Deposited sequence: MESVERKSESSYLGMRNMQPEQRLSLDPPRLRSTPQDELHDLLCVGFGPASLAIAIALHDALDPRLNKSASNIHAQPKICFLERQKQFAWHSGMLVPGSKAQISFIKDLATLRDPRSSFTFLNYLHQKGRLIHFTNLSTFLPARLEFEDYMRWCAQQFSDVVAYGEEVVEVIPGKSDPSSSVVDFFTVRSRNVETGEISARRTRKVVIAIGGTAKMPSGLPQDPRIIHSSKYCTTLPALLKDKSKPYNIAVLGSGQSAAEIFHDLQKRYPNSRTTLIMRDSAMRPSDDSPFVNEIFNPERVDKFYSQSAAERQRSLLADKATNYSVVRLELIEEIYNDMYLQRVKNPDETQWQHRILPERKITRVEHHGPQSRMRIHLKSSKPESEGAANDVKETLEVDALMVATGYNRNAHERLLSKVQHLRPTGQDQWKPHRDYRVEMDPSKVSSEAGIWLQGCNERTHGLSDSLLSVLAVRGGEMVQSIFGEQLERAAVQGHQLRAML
């Protein structure tokens, strides 16, 4: 129901990216304007000028990792609205109800929906914001705007179909662009070296004959590495897969209830108020719940598959599918007509593979906003070489350089100040409401 703002109008808010983090904001604004949900909203006859710029052509959630049978790693109660307001029309249960699937999901007796299903849930939510989302727009920079002090920002984006740069002016910016693929710096660029974010979308084109005895290595030891390692053995049944990890063993995600309260929405306050030293220590003492570990059930499945090989062949080094713990890649030969690369391995404490492909499941960097924001970084307080978000995700600005009606918010990249949940689905519903209060609260009071 959100009406569009003209491209050349001065916006109230422009959000960079339309993944789950921005979608939660759009939904929370929708709910804030809904007189059923907020009685206070009946006397609001003016909608904020809001716009979302998304690089993809339509809504999509980690399509490279939509592997068969993968689940969203979160209870469905942590969807994009329920923890803020279970009456919202954007709840997962109401989505299922609109699809005619609610009773069918109930009979699953599961809290974790299939990843494919959760993407569709979010695609369904997003379709209600089609008038304020510009798809196919890759944001390239944010530049200051003065109309003495800076009181707006110009967001420049490149149209993915034509290459043209267009500019939009806004008082407030949100950067919610997720992460960029983290590749170990020793690895060369090669079409046979594919990051996990491109697994489902790039690997099938490279290794086309599912029946061939490909040799395929997987680098990493977290959730995505194990899903890829496990999926490969089913997708290419005659393949020889090898998991290369620095750690000594795949480690389980801690699913226990007291520990997992770190993901509670009201815990963001607790984490934020801790000292930097304490936040750093707290992140380490809960490493057992980040993406570097693996769902216990998947570890068990992988271990069981490995055991079956042991039944047939007691010599682990001869197994079709192997795990190589405490190893590091030291060299990659990838030149010449030969279609296999040779990977050189050494112990990672203080051996060569010939593979048709190397999947690299080493996680993400979440500092791409620094590039986008480089032309506004002189507005930070004296001596700051990093963006510092307040509790409400607004970055600190020098008050003599920036008007109080203007600002920039960061979403998804604030683990260091806001906790492990910051990059996850965990607190998006509640945070979406907080963001709407922080950015539009005063404006809506009318």
Inset, instruction - Write out the missing regions of the deposited sequence in sequence order, one range per stretch. - result: 1-29, 177-180, 384-393, 490-501
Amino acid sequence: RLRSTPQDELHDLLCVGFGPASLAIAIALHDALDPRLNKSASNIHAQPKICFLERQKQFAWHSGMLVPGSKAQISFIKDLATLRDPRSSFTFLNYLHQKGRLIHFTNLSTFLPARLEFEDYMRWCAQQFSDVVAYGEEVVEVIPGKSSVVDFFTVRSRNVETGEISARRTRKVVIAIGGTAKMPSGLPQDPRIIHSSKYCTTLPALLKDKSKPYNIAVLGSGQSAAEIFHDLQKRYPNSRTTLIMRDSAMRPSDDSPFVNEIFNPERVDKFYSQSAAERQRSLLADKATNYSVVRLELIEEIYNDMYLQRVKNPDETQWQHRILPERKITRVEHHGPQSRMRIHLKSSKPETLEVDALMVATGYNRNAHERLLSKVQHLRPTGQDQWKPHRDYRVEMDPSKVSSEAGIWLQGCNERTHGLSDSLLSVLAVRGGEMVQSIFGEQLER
From here on, numbers count along this sequence of modelled residues.
Inset, instruction - Can you let me know which of the two, 168-176 or 339-347, has the higher average C-alpha B-factor in the entry? - result: 339-347
Inset, instruction - Higher average CA B factor in the deposited record is what I'm after, so tell me if that's 86-94 or 369-377. - result: 369-377
Legend entry - Out of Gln58, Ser63, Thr382, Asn414, residue topping the C-alpha B-factor column of the entry: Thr382
Legend entry - Peak C-alpha temperature factor (PDB record), options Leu296, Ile228, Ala285, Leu219: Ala285
Inset, instruction - State the tercile, meaning the lowest, middle or highest third, of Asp12 with respect to the CA B-factors recorded for its chain. - result: middle
Inset, instruction - Sorting the chain's modelled residues by C-alpha B-factor, tell me whether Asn304 ends up in the lowest, middle or highest third. - result: lowest
Legend entry - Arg322 - Cα temperature factor, lowest/middle/highest third of chain: lowest
Inset, instruction - Would you please rank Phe76 by its C-alpha temperature factor against the other modelled residues of its chain and give the third it falls in: lowest, middle or highest? - result: lowest
Inset, instruction - Report the third (lowest, middle or highest) to which the CA temperature factor of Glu119 belongs, ranking only the modelled residues of the same chain. - result: lowest
